[PDB]
RNA sequence: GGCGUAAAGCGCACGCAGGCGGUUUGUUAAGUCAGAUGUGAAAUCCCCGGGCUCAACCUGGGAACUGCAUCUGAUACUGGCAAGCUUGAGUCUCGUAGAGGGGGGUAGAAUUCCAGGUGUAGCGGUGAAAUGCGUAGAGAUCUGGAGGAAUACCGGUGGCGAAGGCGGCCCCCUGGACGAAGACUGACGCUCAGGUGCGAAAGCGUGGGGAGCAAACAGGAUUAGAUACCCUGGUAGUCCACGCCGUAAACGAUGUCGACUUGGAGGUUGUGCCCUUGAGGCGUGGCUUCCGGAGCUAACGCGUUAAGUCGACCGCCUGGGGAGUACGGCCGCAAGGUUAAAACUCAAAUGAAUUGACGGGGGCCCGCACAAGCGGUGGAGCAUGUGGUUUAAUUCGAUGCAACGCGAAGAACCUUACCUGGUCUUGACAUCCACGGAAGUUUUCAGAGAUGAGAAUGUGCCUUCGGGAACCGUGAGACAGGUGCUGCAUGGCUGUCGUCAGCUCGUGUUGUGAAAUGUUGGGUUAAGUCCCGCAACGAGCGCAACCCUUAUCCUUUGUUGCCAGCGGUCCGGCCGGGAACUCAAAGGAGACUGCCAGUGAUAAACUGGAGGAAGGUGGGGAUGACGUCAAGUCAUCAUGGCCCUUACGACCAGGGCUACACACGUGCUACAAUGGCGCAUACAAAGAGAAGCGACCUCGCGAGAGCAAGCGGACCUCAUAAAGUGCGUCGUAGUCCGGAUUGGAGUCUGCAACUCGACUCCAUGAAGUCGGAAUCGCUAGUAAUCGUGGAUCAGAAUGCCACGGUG
RNA sequence: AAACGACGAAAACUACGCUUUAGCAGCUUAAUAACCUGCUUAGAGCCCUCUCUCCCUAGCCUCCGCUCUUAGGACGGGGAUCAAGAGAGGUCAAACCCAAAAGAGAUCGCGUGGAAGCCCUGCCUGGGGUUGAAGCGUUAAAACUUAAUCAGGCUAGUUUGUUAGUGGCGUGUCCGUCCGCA
Ligand SMILES: [Mg+2]
Ligand SMILES: [Mg+2]
Ligand SMILES: [Mg+2]
Ligand SMILES: [Mg+2]
Ligand SMILES: [Mg+2]
Ligand SMILES: [Mg+2]
Ligand SMILES: [Mg+2]
Ligand SMILES: [Mg+2]
Ligand SMILES: [Mg+2]
Ligand SMILES: [Mg+2]
Ligand SMILES: [Mg+2]
Ligand SMILES: [Mg+2]
Ligand SMILES: [Mg+2]
Ligand SMILES: [Mg+2]
Ligand SMILES: [Mg+2]
Ligand SMILES: [Mg+2]
Ligand SMILES: [Mg+2]
Ligand SMILES: [Mg+2]
Ligand SMILES: [Mg+2]
Ligand SMILES: [Mg+2]
Ligand SMILES: [Mg+2]
Ligand SMILES: [Mg+2]
Ligand SMILES: [Mg+2]
């Protein structure tokens, strides 16, 4: 192991949590079990939709999952029927009634999860990894990101020996703890194994710490 | 085309034939140049046309047949002839330097022997030793004598010589080179296949010489072996004269001569003139060294002494091995030399340079890596894991540093895969289904249970009622399943170098090009941290900072946390009350080389100090680059093929992971008078608690048992911390030391501790009595020594992870 | 052993889409350009949707649950549809935001005085205690009140001990003179 996960090293400084609630470990295990279940159900359901992230709040005898996505229209549906359809299942899985929020994410090519997504789809549909990564990094640089670093490893191009390629633009200060280093992972299930993809997006230096 | 380095300059010099040849005139016109004639067969090629329906094919003419012979001219060049000239070349006259060669003499240093004197137990030698020399007087010292070789300093990138080569001094003969001025000789000039001559050392023959050195050889020594490197002796040889071979990295790996083509710093040796006041200056020659411009080269490098552009000549090269080998001719007393192949094999063999890596290469620097400690490990039981052993299994993985108190943060069945026994074939675990009943709640037997039967039963909520949740049973089919394998297909995660300080990119520049600068060099540092200088200018990953804890102060708000001041007391924070404090957890100030001197390059930076709780990162943690190790996990999980579907899949009972001769690793108890023992007695922090922590009373010698209040926790518990401190007691002891083994009977948790936890009593009292080679961590609240909490956990730490006491 | 790597010259997820300008930025000797561009300002022609502009109604609730209930509200239902238009969006359900009260005391819940069991006590007569067991009423009332009865046929006379006529397997199989439990 070389690099630690850049999210949980600055979660207490500049980055927000993906789950906001409290427990006295009387129900902590079941709360995360419920959070894991709802997260995996949402990920399995909203496959076509480009879901950016899933934040969960758990107030007293209620929950609130605020999904952030790039294209919210598919999840919304006509007259807001699909959200009502997929809200009851979440509510009954979590026990307490739910209230699902949906947030559109501006600049869909500047989110770590979004940029890590659909590159696996390109690999599945047999798009060359080098050109795919180059297009992703150049689009992210053009949109406004100050630094982008993309790594792709494992059975690239259906070869015989796996390797690890990477591209980098601008600056990616992974060691500093006063910058947005939003990072997410994704995997592709090709015809000759599994390919791992990692993306680091440095946007700026957040002075002052948490709460802006 | 090339010959400095890949293959290619004879080792050098002379020189015959031959090749070439300064300058002017006249003559000849042989080559050469112009024109004409004959011939150069036909055929063929080419060009223009035609015929075969096109083409192939045939055909007419033209051109061509690049050649030869003859005739008529041209005269610049080459050639022949005759006259001239000095600029090429050679000679005279005078000086200059020189280890140039041959021959003969002379003088010391030094080594070795002979003889003598003084003198006693060592000398010599090696990383260390011995062979060797010594009491028969060694080594050392002094005297005289014998003999051989070379001539310390001068002595240099100095001189001479064609090359080889040449070093005291003197004499005799002689070759060669340069310069000042002077006249003639008049092309007499350069090279050279054959040929001749010289030719390092080693080698051979004859006749001598032989001090030192030294092949062969003898002995000692290291090493597994050492026919060597090392040591002690030692023959040929090295020396002289005449003879023989003609080999070298005979090297400047560069064949001889001519002229042309920028410069600087010298060395040696002449010569002209200037006031020669110093090895003062201005010119001109000969030899030679270093740097370097243009130019050349694949590059290194050459660079007026070209490896720059030419001219004349000779020799050599045509892939690496076979091989400069055999045969053959010649030379030679011989060794051998010279001229010099062929068959067969190979896809390369090569040289200059570039980036890494290595060196028993050099320079500089850092880290408990050594040095100065301290304590332990290895010695003897005790708790663990690994290897092998045995078994049916001792389930599998990790197998150097980076595996061995590892996954496992804790195996009686559970976990659990392995084995012995029994059962199932859509399954324990999903989706699609046709039905019959909601389920479900007690229960009887067989059985170790898995599951085989049997019952009293429930008759749950839902529309038009062939119903739906939902539950089970039967029949399959896809399917489910694998801790089966492939981490040499992988994703993800992790260890190591290493918290070392380096790793790269953009532009520019340099070299054709791999590539280099930037990144090196000088200070400086914890550091690619900074500065300076420099074809470098900037940036990214990086070394730091931002992040967490703690070290001081201020403020905000005082309960469950505190008592500066007062009142009472049940003397206790008890509570009224007091919000300064100890403290609680939020925001700030605060240490930033900031300043003062010295040092340094007028910097960077370093040393000391007035201040501060703090000083150069104040003290710790997190943060672990490019990348290396087919590094470890397909048994956390996912994933591509491969494997089984009556079995590698599914369920249950009992055993095994904890095991008979051992070794290894990491820890604990210790060894004793620094100590254990009996009775009083203070000083902490951090954490846990809801079928859990568990106050008090009573039985208990005891683990604990009935009773249990309080506590989702600054309230109540876990939980009078130990070391120490007070007093006795033990006197260096098979010990009042170590509690390992073993027997008896129990206490708590767990359907159930025989295989296999721990605590408690009684007794028994193994070793040991400071540990061999070789080793491990630590530089300050650190190493040692003492106790406690917490993780998974029904119970199980001597392990792991953190607080503290002393230090 | 082994290990190379050439074409979004398949702009390929489709944001309604397509426009001009306004300025930053890459492009550069230098100011335009092609755009490489993410926005910001403007108009919507338009493919689209929603409140709609139709009428009737006063549809308007909200504190106390409900009952004509008051200040006030941004407050409010049915029906087929459009010519043009006033605003929001682009496959927008909530959230962020903006708000709730004067009522009056009509009622199920909610609280009732002579009643079904449980206390020596197991069957039970047990009122002695009590409710939604019987009269009764609003955010409140006509209030009001779940254990302590002794003792009885009460395991029923042969069950406990004086005690035997046989309606008895007795004793590996036992026919079994006799022993042995009632
Ligand atoms: Mg050639
Ligand atoms: Mg050569
Ligand atoms: Mg060579
Ligand atoms: Mg030569
Ligand atoms: Mg020769
Ligand atoms: Mg002629
Ligand atoms: Mg002619
Ligand atoms: Mg024709
Ligand atoms: Mg002809
Ligand atoms: Mg002539
Ligand atoms: Mg002479
Ligand atoms: Mg010759
Ligand atoms: Mg000789
Ligand atoms: Mg000798
Ligand atoms: Mg010798
Ligand atoms: Mg001789
Ligand atoms: Mg030779
Ligand atoms: Mg040579
Ligand atoms: Mg010559
Ligand atoms: Mg010379
Ligand atoms: Mg040079
Ligand atoms: Mg030969
Ligand atoms: Mg060595």
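Every residue, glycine among them, receives a Cβ derived from its backbone with ideal geometry; neighbour counts consider all protein chains shown. Bear in mind that the values in this text are calculations on the coordinates, not laboratory data.
Please find, among A:44, A:15, A:26, the residue that is within 17 Å of the chain's Cα centre (by Cα) and surrounded by fewer than 12 Cβ atoms within 10 Å (Cβ to Cβ).
So the residue among A:44, A:15, A:26 that is within 17 Å of the chain's Cα centre (by Cα) and surrounded by fewer than 12 Cβ atoms within 10 Å (Cβ to Cβ) is A:44.
Could you say which residue among A:113, A:149 is in a helix (DSSP H, G or I), more than 9 Å from RNA strand C (Cβ to nearest atom) and crowded, with 18+ Cβ neighbours inside 10 Å? Break it down stepwise before answering.
Values: A:149 fails: in a helix (DSSP H, G or I).
Testing whether each residue is in a helix (DSSP H, G or I), more than 9 Å from RNA strand C (Cβ to nearest atom) and crowded, with 18+ Cβ neighbours inside 10 Å leaves just A:113.
If a residue must be farther than 17 Å from residue A:165 by Cα and either more than 9 Å from RNA strand C (Cβ to nearest atom) or not in a helix (DSSP H, G or I) (or both), how many such residues does segment A:127-140 contain?
1
Does any residue in segment A:157-168 that is on the phi > 0 side of the Ramachandran plot come within less than 7 Å, Cβ to Cβ, of a residue that is assigned to a loop (DSSP other than H, G, I, E, B) and surrounded by 11 or more Cβ atoms within 10 Å (Cβ to Cβ) six or more places away or on a different chain, and which pairs are these?
Taking only residues 6 or more apart or on different chains, the pairs are A:158/A:192.
Can you name the residue in segment A:160-191 that is within 24 Å of residue A:43 (Cα to Cα) and within 16 Å of RNA strand C (Cβ to nearest atom) and, of all such residues, is nearest to the chain's Cα centre (by Cα)? Break it down stepwise before answering.
Here is the first cut: in segment A:160-191, the residues within 24 Å of residue A:43 (Cα to Cα) are A:181-191.
The next check asks that each one be within 16 Å of RNA strand C (Cβ to nearest atom); those that pass are A:186, A:188, A:190-191.
Details: A:186: 9, A:188: 15, A:190: 21, A:191: 25 Å.
Filtering segment A:160-191 for residues that are within 24 Å of residue A:43 (Cα to Cα) and within 16 Å of RNA strand C (Cβ to nearest atom), the one nearest to the chain's Cα centre (by Cα) comes out as A:186.
Determine, yes or no, whether residue A:165 is surrounded by fewer than 19 Cβ atoms within 10 Å (Cβ to Cβ), part of a strand (DSSP E or B) and out of contact with any helix residue (DSSP H, G or I) (no Cβ under 7 Å at 6 or more places or on another chain). Reasoning before the result, please.
Values: surrounded by fewer than 19 Cβ atoms within 10 Å (Cβ to Cβ): yes; part of a strand (DSSP E or B): yes; out of contact with any helix residue (DSSP H, G or I) (no Cβ under 7 Å at 6 or more places or on another chain): no.
The answer is no for residue A:165.
Right, residue A:178: closer than 25 Å to residue A:2 by Cα and in contact (Cβ under 8 Å) with a residue 60 or more places away in the chain or not?
Criteria met by residue A:178.
Of all the residues that make up segment A:29-41, how many are surrounded by 12 or more Cβ atoms within 10 Å (Cβ to Cβ) and either within 16 Å of RNA strand C (Cβ to nearest atom) or closer than 20 Å to residue A:103 by Cα (or both)?
Selection size over segment A:29-41: 4.
Take residue A:198 and decide whether it is in a helix (DSSP H, G or I) and under 23 Å from residue A:55 (Cα atoms).
No: the conditions fail for residue A:198.
Being within 6 Å of RNA strand C (Cβ to nearest atom) and surrounded by 12 or more Cβ atoms within 10 Å (Cβ to Cβ) is the filter here, so list the residues in segment A:69-93 that pass it.
A:72, A:73, A:74, A:76, A:77, A:83
Those residues that are in contact (Cβ under 8 Å) with a residue 12 or more places away in the chain, more than 17 Å from residue A:186 (Cβ to Cβ) and either over 21 Å from the mean Cα position of the chain (by Cα) or more than 12 Å from RNA strand B (Cβ to nearest atom) (or both), I need them from segment A:131-156; list them, please.
So the first thing to find is which residues in segment A:131-156 are in contact (Cβ under 8 Å) with a residue 12 or more places away in the chain, and the list is A:132-134, A:136-141, A:143-156.
Filter once more, keeping what is more than 17 Å from residue A:186 (Cβ to Cβ): A:134, A:138, A:141, A:143-147.
If the condition is that a residue be in contact (Cβ under 8 Å) with a residue 12 or more places away in the chain, more than 17 Å from residue A:186 (Cβ to Cβ) and either over 21 Å from the mean Cα position of the chain (by Cα) or more than 12 Å from RNA strand B (Cβ to nearest atom) (or both), then A:134, A:138, A:141, A:143, A:144, A:145 are the ones that fit.
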